[PDB]
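Here's the letter readout for the chains.
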Amino acid sequence: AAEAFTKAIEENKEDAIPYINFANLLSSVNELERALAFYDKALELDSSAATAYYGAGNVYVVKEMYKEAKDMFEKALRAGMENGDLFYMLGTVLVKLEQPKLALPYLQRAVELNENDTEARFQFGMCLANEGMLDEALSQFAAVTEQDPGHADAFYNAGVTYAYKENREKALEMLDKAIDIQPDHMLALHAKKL
C-alpha cells in the first residue's frame, strides 16, 4: 500500500534503489507523474540504474508516449537490462512508431527467450511479414495457432501474408478460419471480398 518505502529513503538519501521501489509502488497506485519524479531522482543518483529507465518507460507506455518509451527502454537495455519483457516492450513500442526494421531483432529475441509467449510471437510474425520475410512470418503465425487456436488475428494476418505470396488458395483457407473463429472480423471480411 504505502509506508516502509518512505522511511527507507530517509537516512539513505544517497541510494537509488529505495527511490525506484517507491516509484514502482506509485505506478501501481495510479500516481504516474509522481512515479516519474522518483525515477528521475534515482537516475540523478545512478544514471546506470536500468530498472529506473524501465519503470519510467512503462509509465510512458501507459500514457502512450511511445517515442519517449522507446528512449527509456533503449536506455534500460543500454544500462544492462536484458530479458524477455524488455525486448518485448521495446519491440512492440518500435512497432507503434513505424520502423519495424528496428523492432525485428528485439522481437526475435523475446520469442527465443520465451518460446511460450504467444503475444510476442504474434508481433514478431507481423513484423517479419512486413519486412518481406514472408515464409518465416507464416512459421511464426502457425506456432501462434498451435498455442492459441482461438487466435483469429493470427489466421487473418496469415491470410494476408499468402496474398503477398501470390496465392488465392491458402489465403482464403486461413481467412476462412478467422471468420470461423470470430464471425464479426470485419477486416477478414473485407479482405475476403477481394
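Residues numbered from 1 in each chain as written, not as in the entry; some residues may be left out. Heavy atoms only, no water.

I'd like a description of the overall build of the protein chain, backed by residues and values.
When helices and strands are tallied, the protein chain shows twelve helices and zero strands. In the protein chain, the succession of α and β elements from N to C terminus is α-α-α-α-α-α-α-α-α-α-α-α. At 21 Å, the protein chain has a C-alpha radius of gyration far larger than the 16 Å of a compact globule built from 194 residues. A principal-axis box enclosing the C-alpha atoms of the protein chain has dimensions of 70 × 30 × 25 Å. Restricting to contacts in the protein chain with at least 6 residues of sequence separation, those with at least 24 account for 39%. With the model as given, the accessible surface of the protein chain reaches about 11,200 Å², and the carbon-plus-sulfur share is 51%. A distance of 4 Å separates the average location of the 19 positive side-chain charges in the protein chain from that of its 33 negative side-chain charges. (Helix = DSSP H or I, 4+ residues; strand = E, 2+ residues; numbered from the N terminus. Rg over C-alpha atoms; globule rule 2.2 N^0.38 Å. Contact = heavy atoms within 4.5 Å. Areas by Shrake-Rupley, 256 points an atom, 1.4 Å probe, with all protein chains shown as cover. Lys, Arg positive; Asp, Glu negative; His and termini not counted. Charge placed at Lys NZ, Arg CZ, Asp CG, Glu CD.)

So, helix α3 (residues 32-45): which residues are in play, and what are the values?
Taking 1.5 Å of rise per residue, the 14 residues of α3 would be expected to cover 20 Å, and the 20 Å separating its terminal C-alpha atoms lies within 8% of that figure. For α3, the complete set of buried residues consists of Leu32, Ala35, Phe38, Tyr39, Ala42 and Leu43. For α3, the angular spread of the buried residues around the axis is 140°, confining them to a single face. For α3, exposure combined with an orientation more than 90 degrees from the buried face picks out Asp40 and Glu44. Check the buried side of α3 and you find it contacts α1 (5-9), α2 (16-28) and α4 (50-62). (Expected span 1.5 Å × (residues − 1). Buried < 20%, exposed > 50% of the residue type's maximum accessible area, 1.4 Å probe, protein only. Arc of directions from axis to C-beta.)

I'd love a proper account of the packing of α3 against α4, names of residues and values included.
The contact between α3 and α4 brings their axes to 9 Å, and the two run at 155°. If you check the angle between α3 and α4, you find them roughly antiparallel. As for the relative orientation of α3 and α4, their crossing is left-handed in sense. Counted together, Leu32, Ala35, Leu36, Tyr39, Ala42 and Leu43 of α3 and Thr51, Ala52, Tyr53, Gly55, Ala56, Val59, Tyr60 and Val62 of α4 form the full contact between these two elements. Counted by class, the contact of α3 with α4 contains twelve nonpolar, two polar and no charged residues. (Axes fitted to C-alpha atoms, helices over the stretch in contact; angles between N-to-C directions. Parallel < 35°, antiparallel > 145°, perpendicular 65-115°, else oblique. Left-handed = near helix turned anticlockwise from the far one by under 90°. Nonpolar A, V, L, I, M, F, W, Y, C, P; charged D, E, K, R; others polar.)

Give a description of the layout of surface pockets that names residues and reports values.
One number sums up the size of the largest pocket: a volume of about 350 Å³. Taken together, 16 residues make up the lining of the largest pocket; nearest its centre are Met126, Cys127, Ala129, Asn130 and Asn157. At the level of secondary structure, the elements contributing two or more residues to the lining of the largest pocket comprise α6 (84-96), α8 (118-131) and α10 (152-164). In terms of residues, the lining of the largest pocket owes the most to one element, α8, which gives five residues. As a volume, the second largest pocket reaches approximately 190 Å³. Residue lining of the second largest pocket: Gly159, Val160, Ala163, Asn167, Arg168, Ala171, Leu172, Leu175, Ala191, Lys192 and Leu194, and that is the complete set. Secondary structure elements with two or more residues in the lining of the second largest pocket: α10, α11 (170-181) and α12 (186-192). (1 Å grid on protein atoms, 1.4 Å probe; cavity = no way out; pocket = protein on both sides within 12 Å on 5 of 7 lines; lining within 4 Å. Points joined across faces, edges and corners; volume = space filled by probe spheres on them.)

Describe in detail the side chain of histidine 151, supporting the description with residues and values.
Mapping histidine 151 onto the fold places it in the loop between α9 (135-147) and α10. For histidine 151, the side chain forms a polar contact with the main-chain nitrogen of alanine 154, separated by 3.1 Å. For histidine 151, the contacting residues outside a window of four places in its chain are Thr118, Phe122 and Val144. (Polar contact = N/O pair within 3.5 Å; in protein donor to acceptor, adjacent residues only side chain to side chain.)

A description of the environment of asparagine 30 should follow, citing residues and the corresponding values.
Along the chain, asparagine 30 turns up in the loop between α2 and α3. When the C-alpha atoms of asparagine 30 and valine 59 are compared, they prove to be 9.7 Å apart, with 29 residues separating the residues in sequence.

Quick rundown of the packing of aromatic side chains? Include the residues and the values.
This structure, assessed with the given rule, holds five aromatic pairs. Look at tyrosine 54 and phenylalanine 73: their rings are 5.7 Å apart centre to centre, the planes differ by 50°, and that puts the pair in the tilted class. In this pair, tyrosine 54 is assigned in helix α4 and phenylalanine 73 in helix α5 (residues 66-79), connecting sequence segments 19 residues apart. (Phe/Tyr/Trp six-rings, centres within 6.5 Å; stacked < 30°, edge-to-face > 60°.)

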